[PDB]
Amino acid sequence: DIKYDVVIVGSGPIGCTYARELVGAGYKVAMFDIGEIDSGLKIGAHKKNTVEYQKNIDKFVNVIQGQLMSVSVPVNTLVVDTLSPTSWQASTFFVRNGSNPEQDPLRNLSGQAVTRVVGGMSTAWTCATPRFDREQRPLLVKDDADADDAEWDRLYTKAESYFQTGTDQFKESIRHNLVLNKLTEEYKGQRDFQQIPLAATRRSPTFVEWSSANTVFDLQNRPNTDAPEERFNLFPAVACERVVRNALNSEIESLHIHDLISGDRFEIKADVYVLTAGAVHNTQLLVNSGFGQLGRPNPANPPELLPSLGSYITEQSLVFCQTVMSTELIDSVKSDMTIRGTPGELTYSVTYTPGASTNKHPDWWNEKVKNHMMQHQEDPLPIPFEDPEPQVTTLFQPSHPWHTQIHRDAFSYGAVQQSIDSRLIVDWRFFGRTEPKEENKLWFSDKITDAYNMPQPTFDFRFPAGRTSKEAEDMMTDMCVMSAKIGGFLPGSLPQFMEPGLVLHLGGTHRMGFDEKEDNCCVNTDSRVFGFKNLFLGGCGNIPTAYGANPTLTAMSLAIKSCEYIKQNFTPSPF
Amino acid sequence: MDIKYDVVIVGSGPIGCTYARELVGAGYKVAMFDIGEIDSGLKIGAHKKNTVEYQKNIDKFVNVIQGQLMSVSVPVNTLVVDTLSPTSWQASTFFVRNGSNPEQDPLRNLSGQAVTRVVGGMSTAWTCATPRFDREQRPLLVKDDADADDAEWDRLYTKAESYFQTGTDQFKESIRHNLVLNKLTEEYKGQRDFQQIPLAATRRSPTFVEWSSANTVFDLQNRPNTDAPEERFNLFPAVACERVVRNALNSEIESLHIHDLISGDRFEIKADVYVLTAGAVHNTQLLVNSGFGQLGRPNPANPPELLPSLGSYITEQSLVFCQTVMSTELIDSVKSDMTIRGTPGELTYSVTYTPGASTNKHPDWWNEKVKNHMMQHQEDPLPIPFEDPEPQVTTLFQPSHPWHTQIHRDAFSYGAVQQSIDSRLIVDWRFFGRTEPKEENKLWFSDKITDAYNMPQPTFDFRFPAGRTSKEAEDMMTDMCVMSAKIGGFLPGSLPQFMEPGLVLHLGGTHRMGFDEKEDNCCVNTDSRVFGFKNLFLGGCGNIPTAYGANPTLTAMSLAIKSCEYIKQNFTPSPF
Amino acid sequence: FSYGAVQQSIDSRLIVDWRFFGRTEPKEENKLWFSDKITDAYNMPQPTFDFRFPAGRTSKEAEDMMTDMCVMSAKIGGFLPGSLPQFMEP
Amino acid sequence: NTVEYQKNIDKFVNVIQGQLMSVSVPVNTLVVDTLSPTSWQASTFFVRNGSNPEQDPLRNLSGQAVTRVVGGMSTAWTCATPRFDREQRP
Ligand SMILES: Cc1cc2nc3c(=O)[nH]c(=O)nc-3n(C[C@H](O)[C@H](O)[C@H](O)COP(=O)(O)OP(=O)(O)OC[C@H]3O[C@@H](n4cnc5c(N)ncnc54)[C@H](O)[C@@H]3O)c2cc1C
Ligand SMILES: Cc1cc2nc3c(=O)[nH]c(=O)nc-3n(C[C@H](O)[C@H](O)[C@H](O)COP(=O)(O)OP(=O)(O)OC[C@H]3O[C@@H](n4cnc5c(N)ncnc54)[C@H](O)[C@@H]3O)c2cc1C
Ligand SMILES: Cc1cc2nc3c(=O)[nH]c(=O)nc-3n(C[C@H](O)[C@H](O)[C@H](O)COP(=O)(O)OP(=O)(O)OC[C@H]3O[C@@H](n4cnc5c(N)ncnc54)[C@H](O)[C@@H]3O)c2cc1C
């Protein structure tokens, strides 16, 4: 079709929030994604939701790695001086293999990467959806903190519903409670610990249905039996390239796409254009469309439109280690048990007294330990083989201004090993907040292009001196101190800062504020691009503040608010 | 789910899809079970590399393969970690941990062997090479009449090739492909012939190849449907097939016991015909879990009741691998027909050729692509266009070089990524040796240890046989070193090496075919029917009883087609 | 020698080293010169190399010498993993 | 020529590496981007640690090194003393 009420670029969780809202409200919606349906019969669903992946969670790191394509790889300068004399040998470090010659390797976010599949990165994410407290969060209401808090509560509540956020899906994990209780005790009165809030529904003791874009909106074309009055079409393998501005710069007139299967290019018309292509690619599509400044920043000629586009970018510092559980904590697991005799032998019985007030642990815990120690008497640990992973956090606070995850999950790194029993291993990830600075930028080459023939992204980024840097190092030390209470570092996973941007929490590339000039921003609190009646941006690129927590829930909340504007200001076509 | 089908197939890989395609088409009521799930988009069982993104970022596809390959038998780990904090819990022994197999001798393993549980099986990830076996590598379907035998294999392979859409033309306009092909052709001339690797694939565009898969064989859609209103097929993903039930006389299978992994329910499914296409390892597992062969560590003093050759005479290929960096001479040859004046990057620079000159070394299409690359990309120091498709060259197995060869680029489990050398220069070398079948080389199943699906844990007892297998394997290494030198020197970091045993994933002979159970030490006859059993058939590389170097799937498909011929001759489809 | 990072898994009695040494044609353009600004640890002009193996005979032989080591070494044994055939740093 | 080295011959490599000082090390351009943000961090690949900025890393003899001990490299060498045939000889 040539004409829609709304077109949405990208099928990640944020595009899906606009689809859920606007498709539900009766709009003829088209959604385009440059990537394809892979994921199974549930379009855009979490790839970790297969029996095989949940039996072999360490293999999922491979899936993640296989769909994270680096944003900007500087030109390689490794010296290979052991080629055969007959082999063709370089005289210079020329531009090879997709590298970016615009990129200073020392001012990069080398770990930054993007995913191009239907459902975006929600096909592989780790589902942590905390709310930001005031300190981390931009204002949606000026001069009324209580009204501002109320608005965010209303939006986050809906967002949590859409993602199926919960804080009890790991409540009966031994490892989770083990870690939770010890940290709760150690910081008693000083910090609070809880389960990471997770966009997930537990289906069985050994299976968790992790949420994804599909959870937000199932991405099935409509009308269909289950929604005969709704109108939605998803078009995968369509690279969206430009929004066409009118000469007056007050309205978008079309979206120019490239159908990657036929190879043909089309102009799609809509009343309302929503860009939810991610924090990098939203900015890319805007710059390729005449917003901001194409090429190396040049203050001499400021751009015509959106001069803050691609400036004030933030990415979080991330420190990481893994620990091996202390003897003391492992011994405490079986503290309630009565242990008759010698394991393997007839004289082995393991029993406990349900409800005994002297017991350190609940009955659900002892029953599982007992059963494990009795079913597996050769095994030297008291933790059940199927015990779900820990999922503990102490949330960002002024006296510890970083987000924390004390957990086990699959990421692009954490290349786990086989010599140490996995039941012993806990991951530590602390996330710092980065002050937004005009000098930190994502820009796009006016000569170099990427694999889809669009302007090559280039970072110019350093963690700002002052608070960001002081905090990041204070965060490291906090991780070293806190993790030492649970066990010592796992060799091969010693405490370290991760490559800039590997954390994938980039924000502020197309930031939100109330006033374009005063707040140095690109979209207002309805996520509308300043000056344009019908152009909206969604995603973490909107977030203008220094945040430690995981941003997606916050980007979703902004999107819900955006949709309220859209619904108030545009009327659906007749069906 | 019904209680009753005409045919049930275990496994939705390309071999199971061969039985589905034949049997569904002939009007049988078919059910197919796979323990894994739908994972390749809307085209069920399709090749996961058929995305625009993967074909633009082909190095990334290694991670997909690695993510779905689950190792078969991992010996207990004895790595010393002695720098734990004194507070951390520490083992006193190297105990059974993290899924490891205490049965497995680490020194007599196929440590690289791995399986994939996804609908479409390993054909969601494979490299699509589908050569025929020559007589030397191939089991006999007709004894004492080599022309009847040749005629039967030709008919079956031709059919197999249509199902896979095998061809040898998809890479014909690649400059790198032709550069290597013509060089090796000239250098060997009259000693070895070279051609494109036969590939199960159809090119869609200059930048995209639709790799074939199980889906290409059979689309895996439930039937009847608008397209196939008179066919009957249901696929049931996430169902672990556990045992076939023998009647008391051991002359028939009475049902298949399944475990639906989502609901946890268990059922006994009844069919006229039972087909096991669960792969070389898992077919054997299922059969042993059903009282065929011998459960547990082999014990010759307790000879099995049934199928004594089951899981013996296993073969797996020796694999040697390197990469090379293209010679300066060959790179200069790419631009042999060009006239180049001025200095690159200046407006006086030009690159031209004489179209049609019979003294041109290359054809016009080549020279135009070089011209355009050099004129539009004057900062680039190489003459090869950026999106030039990869080489896909082979000289097939012959008695004077008894190994298969691939001189190509592809995504495999071990395709480690380097960025210092331009990828246009890099060619992969994979030479694959044939392994003599020997009784002592075994896949067996623990009577104590179980796998992730609570089935008997697979254990290998394998070494490459002394004598011809070993001699060839090493002569194969040398051949790779000699041939490859003609194209370029090795790429540091990919020096010539034997790969981990079983990484190549060409295991055969676990349930091997022969004419006579005893005399040929085998488990199925040439209809792929299990000896003694009217209605049990095995399909897959497990059937192949010979020493082969070439990639085995086409051959197993051809056997599967023959097997279906017997089925159609002996079982009537139920009326619609 | 300076290279050879020790291994213990394979019995040393089995291990044999192969070192083949090529001859390099003398070319005027292959140079050792000394900086007029940078100095070394004893305050003398810093040595600098400008060197490549000459194309032509020197390169062709070096690669044929590689192939010859692979061919000859195979008569004695296969390569030790971790000491696979390689050109050493110039 | 110590009983200890000839009983532990793999350890002699370390003696060799210990006295071979590289002749020309080009300026280092390894990217270390996981420093703490509070650590002093370079804006350029400047001349560090004895490196030679005259040296093109791609036209070097990077393995060339010298020994500054009495007896020179003969304190470490492998003692192979073949004659040159005519072809190799001035
Ligand atoms: C391993 C991993 C772990 C993470 N875990 C956490 C976590 O626990 N919590 C947290 O909040 N976040 C986490 N994240 C980040 C989270 O996934 C993102 O913040 C979120 O997915 C962003 O949603 P989005 O819809 O804005 O964009 P994306 O999910 O990036 O999706 C946008 C999409 O647009 C498409 N697209 C891009 N360019 C174009 C174009 N030009 N034309 C058409 N389509 C286009 C894509 O193909 C893609 O599907 C994780 C990410 C990964 C990779
Ligand atoms: C990276 C890669 C490259 C390869 N390249 C080539 C090549 O170029 N040429 C070629 O000839 N071969 C190659 N192969 C090997 C080829 O993929 C296999 O030979 C082929 O897939 C075997 O087909 P099959 O149907 O017998 O088995 P599989 O493809 O292994 O399918 C068997 C299936 O049965 C299932 N299953 C297993 N156990 C059970 C059970 N108990 N219950 C129910 N279902 C079960 C699985 O989940 C699976 O889908 C390669 C393989 C890989 C992974
Ligand atoms: C591990 C090893 C293996 C080798 N194996 C072989 C082999 O088996 N066969 C063989 O032919 N070659 C071998 N060599 C090379 C051989 O060692 C040299 O060719 C030989 O030592 C050169 O002798 P020379 O006296 O000219 O120089 P050197 O041995 O280099 O001695 C020169 C000396 O002069 C000194 N010097 C340098 N500058 C000054 C200065 N400005 N003022 C005062 N003194 C100065 C030194 O400190 C030094 O002792 C080997 C070398 C090494 C290190």
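We count ligands from 1, going down the list as the structure has it; atoms in each ligand are counted the same way. Below, all heavy atoms of this structure are taken into account, side chains as well, without hydrogens, waters or symmetry copies. A, B, ... follow the sequence lines: proteins, then strands. Residue 1 opens every chain.
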How does A/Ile34 reach ligand 1, by side chain, by backbone, by both or by neither, if only non-hydrogen atoms under 4.0 Å count?
both

Which one holds for B/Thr277 and ligand 2: side chain close, backbone close, both close, or neither close, with close meaning a heavy atom under 4.0 Å?
backbone

Which atoms of ligand 1 have any heavy atom of A/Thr115 under 4.0 Å away?
46 (C), 47 (O), 48 (C)

Tell me, which protein residue and heavy-atom name are nearest atom 14 (N) of ligand 2, and how many Å apart are they?
B/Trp126 CB, 4.0 Å

Between A/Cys540 and ligand 1, which part of the residue brings a heavy atom under 4.0 Å of the ligand: side chain, backbone, both or neither?
side chain

Per-atom contacts, ligand 1 versus A/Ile64 - under 4.0 Å to a heavy atom:
1 (C)

The closest protein heavy-atom partner of atom 27 (O) of ligand 1 is A/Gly278 CA, 4.0 Å

What's the shortest heavy-atom distance between A/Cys240 and A/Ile257, and which atoms?
SG-CG2, 3.9 Å

Report the member of D/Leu20, D/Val15, D/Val13, D/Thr81 with the shortest heavy-atom distance to atom 53 (C) of ligand 3.
D/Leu20

Can you tell me the protein heavy atom closest to atom 10 (C) of ligand 2 and the distance?
B/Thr553 OG1, 3.2 Å

Test of proximity, A/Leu504 against ligand 1: N or O pairs below 3.5 Å:
no

Return yes when at least one protein heavy atom is under 4.0 Å from atom 49 (O) of ligand 3, and no when none is.
yes

Select one of side chain, backbone, both or neither to describe which atoms of A/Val118 lie under 4.0 Å from any atom of ligand 1, heavy atoms only.
neither

Distance only, no hydrogens: is a donor on one side chain within 3.5 Å (strictly under) of an acceptor on the other, for A/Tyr18 and A/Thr276?
no

Is atom 32 (C) of ligand 3 less than 4.0 angstrom from some protein heavy atom?
no

Nitrogen or oxygen atoms of A/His281 and ligand 1 under 3.5 Å apart:
no

Would you say B/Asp410 contacts ligand 2, with heavy atoms under 4.0 Å as the rule?
no

How are the rings of B/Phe432 and B/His404 set to each other: parallel, tilted or perpendicular (split at 30° and 60°)?
tilted

Any salt bridge linking A/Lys48 with A/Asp409? Criterion: basic side-chain nitrogen under 4.0 Å from a carboxylate oxygen.
yes

Do B/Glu53 and A/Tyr452 get their side chains close enough for a donor-acceptor pair, meaning under 3.5 Å?
yes

Would A/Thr123 count as a contact of ligand 1 if the rule is a heavy atom under 4.0 Å away?
no

Considering only heavy atoms of B/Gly121, which atoms of ligand 2 have at least one such atom less than 4.0 Å away?
29 (O), 31 (O), 48 (C), 49 (O)

Ligand 1 versus A/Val9, non-hydrogen atoms closer than 4.0 Å: side chain, backbone, both, neither?
side chain

Atoms of ligand 1 close to A/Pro551 [distance to a heavy atom under 4.0 angstrom, numbered from 1]:
11 (O)

Any protein heavy atom nearer than 4.0 Å to atom 39 (C) of ligand 3:
no

So is B/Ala556 touching ligand 2 or not, going by heavy atoms under 4.0 Å?
no

Check B/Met122 against ligand 2 and report side chain, backbone, both or neither, counting heavy atoms closer than 4.0 Å.
both

A/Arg116 heavy atoms within 4.0 Å reach ligand 1 at atoms 47 (O)

Taking only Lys NZ, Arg NE, NH1 and NH2, and the carboxylate oxygens of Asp or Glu, determine whether A/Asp38 and A/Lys47 approach each other closer than 4.0 Å.
yes

Sole candidate of B/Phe164, B/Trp211, B/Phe412 that passes ring pair (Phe, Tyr, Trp, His ring centres under 6.0 Å) when paired with B/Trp126:
B/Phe164

Taking the minimum heavy-atom distance to atom 5 (N) of ligand 1, which of A/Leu506, A/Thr126, A/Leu255 ranks first?
A/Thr126

Name the closest protein heavy atom to atom 25 (O) of ligand 2, giving the residue it belongs to and the distance to 0.1 Å.
B/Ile15 N, 3.0 Å

Indicate, as side chain, backbone, both or neither, the part of A/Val114 found under 4.0 angstrom from ligand 1 when only non-hydrogen atoms are considered.
neither

Under a 4.0 Å threshold between the charged nitrogen and the carboxylate oxygen, would A/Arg131 count as salt-bridged to A/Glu160?
yes

Within the structure, is a non-hydrogen atom of D/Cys79 found at a distance of less than 4.0 Å from ligand 3?
yes

May I ask whether atom 17 (O) of ligand 3 is less than 4.0 Å from at least one protein heavy atom?
yes

Anything under 30° is parallel, anything over 60° is perpendicular, the rest tilted; go ahead and classify B/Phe133 against B/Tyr548.
parallel

Establish whether atom 29 (O) of ligand 3 and some protein heavy atom are separated by less than 4.0 angstrom.
yes

Smallest separation among heavy atoms of A/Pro197 and A/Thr165, with atom names:
CB-CG2, 3.9 Å

